[PDB]
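Please read the structure below before turning to the comments.
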Amino acid sequence: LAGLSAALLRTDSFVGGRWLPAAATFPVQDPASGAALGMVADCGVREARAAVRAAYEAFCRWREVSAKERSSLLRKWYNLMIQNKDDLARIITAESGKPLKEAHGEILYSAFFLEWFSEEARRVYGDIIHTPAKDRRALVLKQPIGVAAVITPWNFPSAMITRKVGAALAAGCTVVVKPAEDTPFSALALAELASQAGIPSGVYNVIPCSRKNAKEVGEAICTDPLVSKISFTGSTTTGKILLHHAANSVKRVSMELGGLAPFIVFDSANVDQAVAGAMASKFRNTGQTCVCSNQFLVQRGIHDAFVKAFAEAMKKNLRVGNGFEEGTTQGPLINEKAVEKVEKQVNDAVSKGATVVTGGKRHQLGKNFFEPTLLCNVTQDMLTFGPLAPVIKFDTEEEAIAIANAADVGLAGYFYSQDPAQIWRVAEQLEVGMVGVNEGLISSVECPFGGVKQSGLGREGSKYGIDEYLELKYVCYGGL
Amino acid sequence: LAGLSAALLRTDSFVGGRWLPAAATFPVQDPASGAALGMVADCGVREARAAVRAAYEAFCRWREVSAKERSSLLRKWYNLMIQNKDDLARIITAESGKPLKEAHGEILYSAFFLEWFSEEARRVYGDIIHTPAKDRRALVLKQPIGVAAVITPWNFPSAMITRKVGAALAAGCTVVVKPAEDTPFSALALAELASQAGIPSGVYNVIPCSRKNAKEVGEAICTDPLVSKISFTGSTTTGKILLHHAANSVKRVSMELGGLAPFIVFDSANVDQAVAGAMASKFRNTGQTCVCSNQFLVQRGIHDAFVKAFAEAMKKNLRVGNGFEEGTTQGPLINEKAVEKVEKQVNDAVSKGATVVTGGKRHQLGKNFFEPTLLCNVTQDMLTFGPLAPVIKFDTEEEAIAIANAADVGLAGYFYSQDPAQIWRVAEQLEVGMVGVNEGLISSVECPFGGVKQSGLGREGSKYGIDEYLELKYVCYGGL
Amino acid sequence: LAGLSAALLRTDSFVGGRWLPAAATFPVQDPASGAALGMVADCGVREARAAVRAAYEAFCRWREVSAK
Amino acid sequence: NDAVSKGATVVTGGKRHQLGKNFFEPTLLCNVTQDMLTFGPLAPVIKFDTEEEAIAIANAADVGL
């Protein structure tokens, strides 16, 4: 378990440049062994109106540094993460529960976000438009929005914080961060690394707080008028509420909420590969991701040939156990109510027609452990973040889409199909934000992550992400 | 008055391709002579849930036409406007009240928006990002958001409808339009022109409705789940409310609300030019614009030399009268409550220290007519859409900004200054969305109009505007 | 007063086999001298629905061991 | 601000100090007419004529520290 560097670990929220303990604390436990992991500062509103300050003030000056300078700091940070992967990793596995590998997996995917944005910071380009009138010359500068509120989910305690903040600070903004108390350490560990990197005090803050204040602080930072922006990743409910708090102050916003994820396997689709992505998508982090390939849609032809081939691969390598435990594939789910979200679905399926193919009951380790599962004959009248993938048989491509596009969900969808033509049609008509072609993992710091229709606003990462933190200022230069 | 082509004029809301009369109507009158201008269809919610339909369905097919095709239609439309300027003009003067010239002024600035976007429609570019992994190729397409709700103010009954819808349809979207019942005809006149141009039924709709239903229909279209987008221009209050309706359905949004407008005149500033822009900015449409240079800030040095020079120019050419009346500079304000918004301010200024320099009482035509006015010694403790420009003396550039940047207003600000250096500093520190340099009119279809901090979301027009109607779809092409 | 073995003494509630500190604590004092005796973990309901679990699960197996 | 805004020729400082937070640059104002009456490093000057008046105002009752 322990053994990490006392520095990478933290418990006192980090505001304005220095650590600051909360009036009262809240406990964090390894969602696997149950072992307590010290008390974390539980930030109450009074702190936000104070964190949002030292965040603001830090801006009034950070907005000044040469883009080259901020690109320098970021890099210097991206480094400190890289030079700490193995410790920054444990921090995740320990609080997320997820296998150690997936931890490094996250840790890199995190640093790599600081890295990239570090580069983007030096390329915010204004324009020089030509206009009729001979006497006036038009100009367009892009400038930082100012303070930015950042709330992050628990499943990616580092990558979810890095991808937003990297850009945020790339465009010269200041950020106040309320991580998920499930995994708040990775948020503070960054903080430590950022300070060492030399980030000017108040540019990057963290304010841990448990449920009790998650609602309060919520509006606290999403209302405080010094916050001109809000970036959030989470459940549809919470999101819609923050809007309601941002509306009141016409703030800038970008959210990526939940959203099922259709994984359409066609006949021209190669099975071993289709069963490839299939596994890596609905079993990574133990199927606890927004981009968790929810319901698999398979074409009668290759249907049975799929499941058999699919389930067989599961047994072959899905080793349920501890995160830091060698040779481990699945890990804990978060917490009790979670194993119940799976449990539920699993029974309402069996009970309503679902020939279970593998597993089905809580694993024999209990607690927050569940044995992965596969069902079929799963008629759509049964639609959950858990290591559970249900198969649905279909006939036409039109129908396969027809169902997948069962509107009001536009996060990420995947499909396998050897027909060059069918690729384009499916992939374009797919009302989503990210399509994985003959691949099951589509993560990448250089691409635009986000959803469509109610699955979110704005994107994160890529040449396109840093815009979430700029405002355009047209400047009509006249008198010529 | 009358004499126009029966076609350019309309009264039955236009939905799905064909005219449709409202259960009950509401009257529209020339805010100048009072003369009634027929009853317009007063659309009630039941119609919206029906307009939002035929708007949706029109999309499911418009999303298909070749960008070249839609660029063709738009142009064909831009033409029909151009070939109708003189009639499309009267329609505005008659319902807006504003001088006939300013009408043509608008009418062109309108068509020119269709024109431009007609071009943009053929240039929506996807990207091809390079990524590590040899086996997968990343792609990024941009696609239409679908249906779009459009509400427009009264002061620009045509340009405000054209600039949004042009883009909207450029990116292949469908629009439902609720114009300001003050000036709803220009919205229908377009409609007529659009049909003639050949716009597929339901791509562009108009649904007049007076106050009585403005609240209802409001959410009607801003909630109806077929509306995936909302574009609005108006008062801060109304806006914040729509958000509250869009939040509930995480819709895409872009708003440009009110916002004072600082017009900073420095010493290096040429007076005749400073008094130039000064006039054209706070007296166009009779100072009834969002981008209406609200409070003039002048540097002691050139202060007195300004006002004298300023007021003198007013008397010289500000001919108050009827809109269609030859040699007319000012026109009516909208309506009674409006002349009261001016009246108010004017007295709370005189009464609290404001040496009136010209005019001050309702004009001797009464009704919705007011004689322009100029005051000074106007201490900031008195801060209104009316032909009234108050002068405020200042010392330092820092202060001039200090005041102008009196936060929570970021629409458009103007300043005159012959110092090359001072231009850059002022113009960049100016927390706004559009800065007019040594010029008082900064209108242009090719540039980005919109504000910052609470004065709005997103921009309209320019290579940057058509984005308000696209969603990015990353597509990780794998299996290679 | 003090001098006892650090082990025999405790302050973090004991659930499922291992110690677990409470979100917030409550003080315990010698009802005689008044001298404070450290803060004890103050278990809140959320813990019970969790203690009653690891208690249950422990049963499903303890019900098995030989009475001997 | 309610002073400057209502007639108060600032003589020194007036905005939060350039250290921000809970720091403020001391200040001095004048022409400060009594219609503006605070524990902070801020001293406003009020011009008067008679000793009677000087008391008259100072003794603006319900304050005797």
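Quick note on naming: the chains in the structure tokens go A, B, ... in the order shown, residues restart at 1 in each chain, and ligands are numbered from 1 in order of appearance.
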
Do you have, as a Markdown table, the list of residues of chain B lying at most 9 Å from chain D, each with its nearest atom pair and that distance in Å to one decimal, counting only C-alpha atoms and ordered by chain then number?
| residue | atom | partner | partner_atom | distance |
| --- | --- | --- | --- | --- |
| B:379 | CA | D:5 | CA | 7.0 |
| B:380 | CA | D:5 | CA | 7.0 |
| B:381 | CA | D:5 | CA | 6.1 |

Using N, CA, C and O atoms, can you write the selected residues to a file as a PDB file, in the first residue's frame?
ATOM      1  N   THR B 379     -21.894  62.950 -13.009  1.00  0.00           N
ATOM      2  CA  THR B 379     -21.132  62.055 -12.151  1.00  0.00           C
ATOM      3  C   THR B 379     -21.712  60.642 -12.252  1.00  0.00           C
ATOM      4  O   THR B 379     -22.927  60.453 -12.194  1.00  0.00           O
ATOM      5  N   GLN B 380     -20.821  59.663 -12.426  1.00  0.00           N
ATOM      6  CA  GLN B 380     -21.166  58.246 -12.580  1.00  0.00           C
ATOM      7  C   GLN B 380     -22.337  57.682 -11.765  1.00  0.00           C
ATOM      8  O   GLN B 380     -22.895  56.643 -12.128  1.00  0.00           O
ATOM      9  N   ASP B 381     -22.713  58.350 -10.677  1.00  0.00           N
ATOM     10  CA  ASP B 381     -23.824  57.885  -9.845  1.00  0.00           C
ATOM     11  C   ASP B 381     -25.179  58.065 -10.549  1.00  0.00           C
ATOM     12  O   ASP B 381     -26.186  58.380  -9.911  1.00  0.00           O
TER      13      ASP B 381
END

- Message: So that I can check the secondary structure, give me every residue of chain C assigned alpha helix (DSSP H) by backbone DSSP, as a list in words.
- Response: residues 45, 46, 47, 48, 49, 50, 51, 52, 53, 54, 55, 56, 57, 58, 59, 60, 61 and 62 of chain C

Mind writing the picked residues with N, CA, C and O atoms as an mmCIF file, in the first residue's frame?
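Full text of selection.cif as output:
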data_model
loop_
_atom_site.group_PDB
_atom_site.id
_atom_site.type_symbol
_atom_site.label_atom_id
_atom_site.label_comp_id
_atom_site.auth_asym_id
_atom_site.auth_seq_id
_atom_site.Cartn_x
_atom_site.Cartn_y
_atom_site.Cartn_z
ATOM 1 N N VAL C 45 -24.325 7.178 10.680
ATOM 2 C CA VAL C 45 -25.133 6.211 9.925
ATOM 3 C C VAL C 45 -24.502 5.595 8.670
ATOM 4 O O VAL C 45 -24.574 4.380 8.444
ATOM 5 N N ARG C 46 -23.907 6.444 7.842
ATOM 6 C CA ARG C 46 -23.284 5.983 6.613
ATOM 7 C C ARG C 46 -22.332 4.839 6.949
ATOM 8 O O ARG C 46 -22.164 3.910 6.155
ATOM 9 N N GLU C 47 -21.726 4.903 8.133
ATOM 10 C CA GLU C 47 -20.805 3.866 8.562
ATOM 11 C C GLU C 47 -21.529 2.596 8.971
ATOM 12 O O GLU C 47 -21.061 1.492 8.700
ATOM 13 N N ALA C 48 -22.674 2.747 9.623
ATOM 14 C CA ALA C 48 -23.432 1.589 10.068
ATOM 15 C C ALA C 48 -23.852 0.734 8.877
ATOM 16 O O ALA C 48 -23.564 -0.467 8.833
ATOM 17 N N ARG C 49 -24.520 1.353 7.905
ATOM 18 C CA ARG C 49 -24.967 0.626 6.714
ATOM 19 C C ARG C 49 -23.752 -0.036 6.054
ATOM 20 O O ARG C 49 -23.888 -0.846 5.127
ATOM 21 N N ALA C 50 -22.569 0.333 6.538
ATOM 22 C CA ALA C 50 -21.323 -0.196 6.026
ATOM 23 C C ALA C 50 -20.741 -1.173 7.040
ATOM 24 O O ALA C 50 -20.051 -2.127 6.683
ATOM 25 N N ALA C 51 -21.017 -0.935 8.313
ATOM 26 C CA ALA C 51 -20.516 -1.820 9.345
ATOM 27 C C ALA C 51 -21.441 -3.020 9.367
ATOM 28 O O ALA C 51 -21.016 -4.150 9.565
ATOM 29 N N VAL C 52 -22.718 -2.774 9.143
ATOM 30 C CA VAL C 52 -23.653 -3.868 9.160
ATOM 31 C C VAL C 52 -23.383 -4.758 7.971
ATOM 32 O O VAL C 52 -23.823 -5.895 7.943
ATOM 33 N N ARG C 53 -22.654 -4.255 6.985
ATOM 34 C CA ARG C 53 -22.353 -5.069 5.809
ATOM 35 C C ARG C 53 -21.240 -6.039 6.137
ATOM 36 O O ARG C 53 -21.447 -7.249 6.192
ATOM 37 N N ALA C 54 -20.051 -5.487 6.355
ATOM 38 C CA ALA C 54 -18.870 -6.273 6.682
ATOM 39 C C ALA C 54 -19.127 -7.168 7.884
ATOM 40 O O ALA C 54 -18.312 -8.019 8.222
ATOM 41 N N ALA C 55 -20.260 -6.958 8.540
ATOM 42 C CA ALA C 55 -20.632 -7.767 9.686
ATOM 43 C C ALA C 55 -21.405 -8.939 9.105
ATOM 44 O O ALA C 55 -21.236 -10.093 9.493
ATOM 45 N N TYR C 56 -22.255 -8.617 8.146
ATOM 46 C CA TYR C 56 -23.061 -9.616 7.489
ATOM 47 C C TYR C 56 -22.147 -10.582 6.785
ATOM 48 O O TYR C 56 -22.088 -11.756 7.126
ATOM 49 N N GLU C 57 -21.435 -10.076 5.792
ATOM 50 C CA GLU C 57 -20.522 -10.897 5.017
ATOM 51 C C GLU C 57 -19.642 -11.796 5.882
ATOM 52 O O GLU C 57 -19.404 -12.944 5.526
ATOM 53 N N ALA C 58 -19.157 -11.272 7.008
ATOM 54 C CA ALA C 58 -18.307 -12.041 7.917
ATOM 55 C C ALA C 58 -19.088 -13.235 8.445
ATOM 56 O O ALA C 58 -18.514 -14.285 8.758
ATOM 57 N N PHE C 59 -20.403 -13.055 8.551
ATOM 58 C CA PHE C 59 -21.301 -14.102 9.016
ATOM 59 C C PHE C 59 -21.374 -15.218 7.991
ATOM 60 O O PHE C 59 -21.036 -16.357 8.295
ATOM 61 N N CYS C 60 -21.807 -14.888 6.778
ATOM 62 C CA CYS C 60 -21.934 -15.873 5.708
ATOM 63 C C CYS C 60 -20.800 -16.886 5.662
ATOM 64 O O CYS C 60 -20.902 -17.886 4.957
ATOM 65 N N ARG C 61 -19.728 -16.619 6.405
ATOM 66 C CA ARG C 61 -18.582 -17.516 6.466
ATOM 67 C C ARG C 61 -18.310 -18.024 7.880
ATOM 68 O O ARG C 61 -17.908 -19.170 8.062
ATOM 69 N N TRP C 62 -18.539 -17.183 8.880
ATOM 70 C CA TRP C 62 -18.334 -17.589 10.269
ATOM 71 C C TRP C 62 -19.344 -18.678 10.650
ATOM 72 O O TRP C 62 -19.059 -19.557 11.454
#

- For residue 19 (chain C), which of A:21, A:166, A:34, A:323 is the closest residue, counting only C-alpha atoms?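 Ranking A:21, A:166, A:34, A:323 by distance to residue 19 (chain C), first place goes to A:34.
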
- Leaving out residue 388 (chain A) and any residue of its chain fewer than 3 positions from it, which residues lie within 8 Å of it when counting only C-alpha atoms, given as a list in words? residues 282, 283, 287, 342, 372, 373 and 374 of chain A

- Query: With only C-alpha atoms as the basis for distance, which of C:18, C:11, C:1, C:38 is at the shortest distance from chain A?
  - Reply: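 Of C:18, C:11, C:1, C:38, the one nearest chain A is C:18, counting only C-alpha atoms.
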
- Task: Select residues of chain C: the criterion is any atom within 7 Å of an atom of chain A, counting only C-alpha atoms; output as a ChimeraX atom specification.
- Result: /C:18,20,23-24

- So how far away is CA of residue 181 (chain A) from CA of residue 6 (chain A), in Å?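 According to the coordinates, CA of residue 6 (chain A) and CA of residue 181 (chain A) are separated by 19.6 Å.
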
- Message: One number please: CA of residue 94 (chain B) to CA of residue 187 (chain B), in Å, one decimal.
- Response: 13.5 Å

Give me the residues of chain B that have any atom at most 7 Å from an atom of chain A; for each, the nearest atom pair and the distance in Å, rounded to one decimal. Use only C-alpha atoms, sort by chain and number, and format it as JSON lines.
{"residue": "B:228", "atom": "CA", "partner": "A:453", "partner_atom": "CA", "distance": 6.5}
{"residue": "B:240", "atom": "CA", "partner": "A:247", "partner_atom": "CA", "distance": 5.4}
{"residue": "B:243", "atom": "CA", "partner": "A:247", "partner_atom": "CA", "distance": 5.4}
{"residue": "B:244", "atom": "CA", "partner": "A:244", "partner_atom": "CA", "distance": 5.7}
{"residue": "B:247", "atom": "CA", "partner": "A:243", "partner_atom": "CA", "distance": 5.4}
{"residue": "B:248", "atom": "CA", "partner": "A:240", "partner_atom": "CA", "distance": 5.9}
{"residue": "B:249", "atom": "CA", "partner": "A:454", "partner_atom": "CA", "distance": 6.5}
{"residue": "B:250", "atom": "CA", "partner": "A:454", "partner_atom": "CA", "distance": 5.1}
{"residue": "B:251", "atom": "CA", "partner": "A:453", "partner_atom": "CA", "distance": 6.9}
{"residue": "B:432", "atom": "CA", "partner": "A:473", "partner_atom": "CA", "distance": 6.9}
{"residue": "B:433", "atom": "CA", "partner": "A:473", "partner_atom": "CA", "distance": 4.6}
{"residue": "B:434", "atom": "CA", "partner": "A:474", "partner_atom": "CA", "distance": 4.8}
{"residue": "B:435", "atom": "CA", "partner": "A:475", "partner_atom": "CA", "distance": 4.7}
{"residue": "B:436", "atom": "CA", "partner": "A:476", "partner_atom": "CA", "distance": 5.0}
{"residue": "B:437", "atom": "CA", "partner": "A:477", "partner_atom": "CA", "distance": 4.7}
{"residue": "B:438", "atom": "CA", "partner": "A:479", "partner_atom": "CA", "distance": 4.9}
{"residue": "B:439", "atom": "CA", "partner": "A:478", "partner_atom": "CA", "distance": 5.1}
{"residue": "B:442", "atom": "CA", "partner": "A:476", "partner_atom": "CA", "distance": 6.0}
{"residue": "B:447", "atom": "CA", "partner": "A:474", "partner_atom": "CA", "distance": 6.9}
{"residue": "B:448", "atom": "CA", "partner": "A:474", "partner_atom": "CA", "distance": 6.1}
{"residue": "B:452", "atom": "CA", "partner": "A:471", "partner_atom": "CA", "distance": 6.9}
{"residue": "B:453", "atom": "CA", "partner": "A:228", "partner_atom": "CA", "distance": 6.5}
{"residue": "B:454", "atom": "CA", "partner": "A:250", "partner_atom": "CA", "distance": 5.1}
{"residue": "B:456", "atom": "CA", "partner": "A:250", "partner_atom": "CA", "distance": 6.9}
{"residue": "B:471", "atom": "CA", "partner": "A:452", "partner_atom": "CA", "distance": 6.9}
{"residue": "B:472", "atom": "CA", "partner": "A:433", "partner_atom": "CA", "distance": 6.6}
{"residue": "B:473", "atom": "CA", "partner": "A:433", "partner_atom": "CA", "distance": 4.6}
{"residue": "B:474", "atom": "CA", "partner": "A:434", "partner_atom": "CA", "distance": 4.8}
{"residue": "B:475", "atom": "CA", "partner": "A:435", "partner_atom": "CA", "distance": 4.7}
{"residue": "B:476", "atom": "CA", "partner": "A:436", "partner_atom": "CA", "distance": 5.0}
{"residue": "B:477", "atom": "CA", "partner": "A:437", "partner_atom": "CA", "distance": 4.7}
{"residue": "B:478", "atom": "CA", "partner": "A:439", "partner_atom": "CA", "distance": 5.1}
{"residue": "B:479", "atom": "CA", "partner": "A:438", "partner_atom": "CA", "distance": 4.9}

- Query: How many Å lie between CA of residue 149 (chain A) and CA of residue 194 (chain A), rounded to one decimal?
  - Reply: 17.6 Å

- Contacts of residue 356 (chain B) at 7 Å or less, counting only C-alpha atoms, minus same-chain residues fewer than 6 places along, as a list in words?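 So, after excluding close chain neighbours, the residues are residues 350, 374, 375 and 376 of chain B.
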
Please produce a file of the residues just selected, as a JSON list (two decimals), in the first residue's frame, where the atoms kept are C-alpha atoms.
[["chain", "number", "residue", "atom", "x", "y", "z"],
["B", 350, "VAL", "CA", -30.32, 67.48, -14.08],
["B", 374, "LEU", "CA", -26.34, 66.31, -24.08],
["B", 375, "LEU", "CA", -25.41, 66.71, -20.41],
["B", 376, "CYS", "CA", -22.12, 67.02, -18.56]]

- Contacts of region 40-56 of chain D at 7 Å or less, counting only C-alpha atoms, minus same-chain residues fewer than 4 places along, as a list in words?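 Those residues are residues 26, 27, 28, 29, 30, 31, 32, 33 and 60 of chain D.
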
- Output as a VMD selection string all residues of chain C that backbone DSSP marks as strand (DSSP E or B). chain C and resid 14 to 15 18 to 19 25 to 29 36 to 41

- Query: Do you know which residues are at most 9 Å from residue 221 (chain B) counting only C-alpha atoms, after dropping those on the same chain fewer than 6 positions away, and could you put them as a count of residues only?
  - Reply: 11
